[PDB]
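We begin with a single chain expressed as structure tokens, specifically the form deposited in one PDB entry.
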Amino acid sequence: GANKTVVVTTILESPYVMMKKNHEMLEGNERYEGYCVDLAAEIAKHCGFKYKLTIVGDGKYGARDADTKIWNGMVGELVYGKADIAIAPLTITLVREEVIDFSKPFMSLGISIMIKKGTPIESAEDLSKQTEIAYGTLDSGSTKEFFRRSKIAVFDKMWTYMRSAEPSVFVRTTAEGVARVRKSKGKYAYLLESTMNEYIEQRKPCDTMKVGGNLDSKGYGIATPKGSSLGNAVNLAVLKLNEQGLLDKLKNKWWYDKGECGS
């Protein structure tokens, strides 16, 4: 049928999608800026569609409830037909690939540790062997699922602690995890993706840092409902943008050119 505006689900996660200054008097896609806003424009141009950016209503990436089997977050928006495509830092995972399609990755990441500067922690093993410093993850995302499913001794030990810690060590948004690191005097460390960690390390007041190696290696992909006719063109567009150097330039633009912690 006739071309229709593509509904893009995304999430307010800096620097991927952020409210522009003066957003209160802007409308539509002009309200937003960031890496995924720029990426959406490039994908749409290469694939020949018009689109509307829509922030996921529940503010979540996406997890399946173990009891009801209902998917929430951006994954749910695709599964239940509320959006046509997700352009966001959405991690490629097995359980998600069983229900939605992903392009080839547009960005690499691994799970990593964020500390308040000076915290005496260098690794996941360090965290797992002590109790003074609490630690947790984002809710409803791939990092929490990683720990829940891991059979690796250190990560299983970490999960066994996190799942029963009181008060809860889990946070609803990345910003809440950052705040908890910044306000806890070295007594909370946050497990989050290396991309987000490296972004925050360049934001004022420059009081956090990434420590240790990454715990895994994976990527973000552009997601579509299973069988969607958009998937093929989106995939080729991701590969073209990578090969032309545009994805690397976009990361530099939003992470480092705009950094607030020096050159």
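When you see a residue number, it is the position in the sequence shown, counting from 1.
Problem set entry | Greater mean Cα temperature factor according to the PDB record, 169 to 177 or 121 to 129 | Per the deposited B-factors, the answer is 121 to 129.
Exercise. On average, are the C-alpha B-factors higher in 244 to 252 or in 19 to 27?
Worked result: Stretch with the higher mean C-alpha B-factor: 19 to 27.
Exercise. With respect to the C-alpha temperature factors reported in the PDB entry, which of 96, 149, 182, 104 ranks highest?
Worked result: Most elevated C-alpha B-factor of the set, per the entry: 149.
Exercise. Which one of 62, 34, 221, 48 shows the biggest C-alpha B-factor in the PDB entry?
Worked result: Largest recorded C-alpha B-factor: 48.
Exercise. When the modelled residues of the chain are sorted by Cα temperature factor, does residue 38 land in the lowest, middle or highest third?
Worked result: Residue 38: CA B-factor falls in the middle third of its chain.
Exercise. Residue 186's Cα B-factor: lowest, middle or highest third of the chain?
Worked result: Top third by C-alpha B-factor.
Exercise. C-alpha B factor of residue 193, ranked within the chain: lowest, middle or highest third?
Worked result: Its C-alpha B-factor, which the entry lists for residue 193, ranks in the lowest third among residues of this chain.
For this session: Looking at the entry's B-factor column for C-alpha atoms only, identify whether residue 200 ranks in the lowest, middle or highest third of its chain.
Result: For residue 200, the deposited C-alpha B-factor lands in the lowest third.
Exercise. For residue 115, does the deposited CA B-factor place it in the lowest, middle or highest third of the chain?
Worked result: Its C-alpha B-factor belongs to the lowest third of this chain's values.
Beyond what is shown, the protein has a form deposited in another entry; the following relates to that form.
For this session: Choose the entry from 46, 186, 147, 216 that sits at the hinge of the motion between this form and the one not shown, where one rigid part turns relative to another.
Result: The hinge residue here is 216.
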